[PDB]
Each structure stands twice: as C-alpha cells, then as structure tokens.
A.B. asks: 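Supplied in structure tokens, the structure appears directly below.
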Amino acid sequence: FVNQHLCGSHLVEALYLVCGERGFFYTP
Amino acid sequence: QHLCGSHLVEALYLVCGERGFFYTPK
Amino acid sequence: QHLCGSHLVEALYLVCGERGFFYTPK
Amino acid sequence: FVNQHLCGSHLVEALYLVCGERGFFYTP
Amino acid sequence: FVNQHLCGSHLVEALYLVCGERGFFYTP
Amino acid sequence: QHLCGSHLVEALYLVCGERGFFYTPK
Amino acid sequence: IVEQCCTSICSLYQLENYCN
Amino acid sequence: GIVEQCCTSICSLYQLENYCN
Amino acid sequence: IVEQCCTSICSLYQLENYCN
Amino acid sequence: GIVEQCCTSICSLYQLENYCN
Amino acid sequence: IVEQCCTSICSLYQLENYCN
Amino acid sequence: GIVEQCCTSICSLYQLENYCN
Ligand SMILES: NCCc1c[nH]c2ccc(O)cc12
Ligand SMILES: NCCc1c[nH]c2ccc(O)cc12
Ligand SMILES: NCCc1c[nH]c2ccc(O)cc12
Ligand SMILES: [Cl-]
Ligand SMILES: [Cl-]
Ligand SMILES: [Zn+2]
Ligand SMILES: [Zn+2]
C-alpha cells in the first residue's frame, strides 16, 4: 500500500483521460 | 493557483487518495 | 480537452506505452 | 513490468523535457 | 533508491500543492 | 516551452532530484 | 469542482469536501 | 477494487473504463 | 500531433494512430 | 529525511508540511 | 525561478543553478 | 532498451539523451 499509493496517482490520471466528460470513481 | 484538468484530479488524489473520491465534471 | 506539452506525452503513454511510440514535435 | 510501466510514465516525461524540439522515441 | 527516486517525483509534487506560497525544500 | 506551476517543480526534480533543491516562489 | 477549483480558486482543505 | 486489479498487472484501457461513471 | 491534439482536439483513439 | 520518512509509509499532509519553508 | 522559467523561458541547464 | 537501462539504476540526463531523436 505504498507502491500502491504511488500507483493510485497514476490510475486516477489514466481514468481522467480515459473517461472524459463521464468522469470516474476511485476507491481502495 | 487555478487547479484545472489533470491537476485538479492530482489535487483530489493528494487530499482523498487514501479514502477514495468521485470525479464528476458536469 | 486540449492535450498540450507534457500532457500530450502522458496521453501518448496511456495509449501506446505497452507498445512504444515516437514523439516528434516538428 | 508493472513497476516498469509506472517507471515508463516517468521516463517519457523526463525525455519530453530533456529532448525539447528534437523529440524522442520510447520502446520497451 | 530507484523506487525512491520515482517516489521523490511524487513527493515534490505533493509539497508543491501542500506548501503553496511558502514553498519547500526537498533533500535526500 | 514555459515551465509554470507544477511543471517547473517537475523540471527542477529532473535536474536536481538526486542532489536536492529549494523551491521558493517569492 | 471544476468551477470551485479551475474557474474560481480553492484550497486543499476545500477539496477535502469531495472525498469519500 | 481498481488498486487490487490494476496495480497487480498492466490493466487495459477497456479494463480502466469499468471505473468510469 | 501537437496540431492534431494541442491546437485542434483529439481522442485517445486518434492517438492510437501514433503508436508503434 | 523526507525520502526516508515518506517513501516508507504513507505520510500525512501535516507530515509533508514539515518540509514547507 | 517563476520569472526565469514561467514568465521568461529557461533551459534545463539554467535550472541546474537552483540545485543543492 | 531504456526500460532495461533506466528503470534499474538512476540514469543520468546525458544517458536519457541517447533516446532523443
Ligand atoms: N494498458 C495500459 C494503460 C495504463 C496506463 N497507466 C496505467 C497504470 C496502471 C495500469 O494498471 C494500467 C495503466
Ligand atoms: N496522505 C497521503 C498524501 C500523499 C500524496 N502523495 C504522497 C506520496 C508519498 C507519501 O508518503 C504521501 C503522499
Ligand atoms: N538523473 C536523474 C534523472 C531522472 C529523472 N527521472 C528519472 C526517471 C528514471 C531514471 O532512470 C532517471 C531519471
Ligand atoms: Cl511510481
Ligand atoms: Cl498546464
Ligand atoms: Zn510514479
Ligand atoms: Zn499541466
């Protein structure tokens, strides 16, 4: 969950771009 | 400073990233 | 949204990063 | 190749800044 | 110190946002 | 290109991140 | 959020209102 | 469980799209 | 690319055209 | 020693604030 | 720095002047 | 093999510059 936190930073950035106007949810 | 596009999501992750959050533009 | 400078490279890495890509501004 | 993928995100960002107008190539 | 370098990239970005007008220092 | 806000800090980390640095806006 | 934070300015504390 | 799925293997774009709203 | 995507807008799918 | 403290566990915001000027 | 690099332009080499 | 070289040790700037066009 430290390598994962960092990875979380990358995921929400990927989701920002993938989802666009729909937006997303993020939740460990 | 103004938090826009990708930087707003990064700011959201700095504050809520342990506890999750929702990002809904409209 | 407009993908400019560093964010265009990040968008390129989201799509092609498994398979590689070229970034040539001019 | 998961720690590396994340690392790849950092590298192409470093190359964006290092290369400038020349640009770069990235390829695993 | 490679997983840490990557982590350093995340920290100075977190500090950029946390500190604001005060600014920060970063040093391994 | 212009290095502003978060991107200036990232540029600083590309150059000084092994050796540390100070970021002081004013 | 994109008005609260992109259009108008916002703190990191105001952002804590958007978490889960 | 996006952390569980996608910080383990390299998720696809269609995979990341399950977390869109 | 910087016209396709910075100047004009582009999708992530249009970006798939630039991969290797 | 921010690398030592904060690349080990998930530091808090108040924790990261000790490195503000 | 934010004048040297945001307002005016700067290199990555000019940035080396800000390190420790 | 930039992943191989530069996700192993901390590459230098001159090292990363071999992948410029
Ligand atoms: N198909 C790779 C897309 C992608 C971009 N960034 C990522 C981060 C984590 C992940 O599992 C996947 C990705
Ligand atoms: N409380 C989590 C804040 C945070 C955001 N990014 C981080 C990176 C490293 C760290 O130790 C902590 C953080
Ligand atoms: N000399 C450190 C430059 C640098 C910045 N970001 C990096 C990421 C990976 C790497 O191997 C090297 C770097
Ligand atoms: Cl990382
Ligand atoms: Cl920007
Ligand atoms: Zn990272
Ligand atoms: Zn930006």
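These values consider heavy atoms only, across backbone and side chains, with no hydrogens, waters or symmetry-generated copies. So that the names make sense, note that chain A is the first sequence line, chain B the second, and so on, each numbered from 1.
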A.B. asks: Do L/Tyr19 and D/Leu11 come within less than 4.5 Å of each other through their side chains, counting heavy atoms only?
C.D. replies: no
A.B. asks: Looking only at non-hydrogen atoms, find the nearest pair between C/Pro25 and D/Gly20 and report the distance.
C.D. replies: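 That closest heavy-atom pairing would be CG-O, 3.8 Å.
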A.B. asks: Would you say that D/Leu15 contacts L/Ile2 through its side chain, given a criterion of any heavy-atom pair below 4.5 Å between the two side chains?
C.D. replies: yes
A.B. asks: Can you check whether E/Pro28 reaches E/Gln4 side chain to side chain, under 4.5 Å on heavy atoms?
C.D. replies: no
A.B. asks: Going by heavy atoms in the side chains, are C/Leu3 and I/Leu15 under 4.5 Å from each other?
C.D. replies: yes
A.B. asks: Roughly how far, to the nearest 0.5 Å, is the NE2 atom of C/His7 from the OG atom of B/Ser6?
C.D. replies: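 Here the interatomic distance stands at 5.5 Å.
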A.B. asks: Out of curiosity, J/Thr8 OG1 to J/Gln5 CD, how far, rounded to the nearest 0.5 Å?
C.D. replies: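 So the OG1 of J/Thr8 and the CD of J/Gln5 are separated by 9.0 Å.
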A.B. asks: Do B/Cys4 and G/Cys5 have their SG atoms under 2.5 angstrom apart?
C.D. replies: no
A.B. asks: Using side-chain heavy atoms (C-beta onward) and a distance below 4.5 Å, is E/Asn3 in contact with D/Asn3?
C.D. replies: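 Contact flag for E/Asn3/D/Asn3 side chains = no.
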A.B. asks: Return yes if a side-chain donor-acceptor contact under 3.5 Å exists between B/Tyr13 and A/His5, otherwise no.
C.D. replies: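 A donor-acceptor contact under 3.5 Å links the two side chains.
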A.B. asks: Quick one: pull up CD in I/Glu16 and OG in I/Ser11 and give me the separation to the nearest 0.5 Å.
C.D. replies: 9.5 Å
A.B. asks: How long is the straight-line distance from CG of H/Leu13 back to SG of H/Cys11, given to the nearest 0.5 Å?
C.D. replies: 10.0 Å
A.B. asks: Measuring only between side-chain heavy atoms, which start at C-beta, is K/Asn20 closer than 4.5 Å to F/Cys16?
C.D. replies: no
A.B. asks: So that I know where these two stand, are A/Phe24 and B/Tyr23 an aromatic pair - ring centroids less than 6.0 Å apart?
C.D. replies: yes
A.B. asks: When rounded to the nearest 0.5 angstrom, what is the spacing between CZ in E/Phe25 and SG in J/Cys20?
C.D. replies: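 Here the rounded value is 8.0 Å.
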A.B. asks: At what distance, to the nearest 0.5 angstrom, does CG of D/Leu6 lie from SG of L/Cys7?
C.D. replies: 9.5 Å
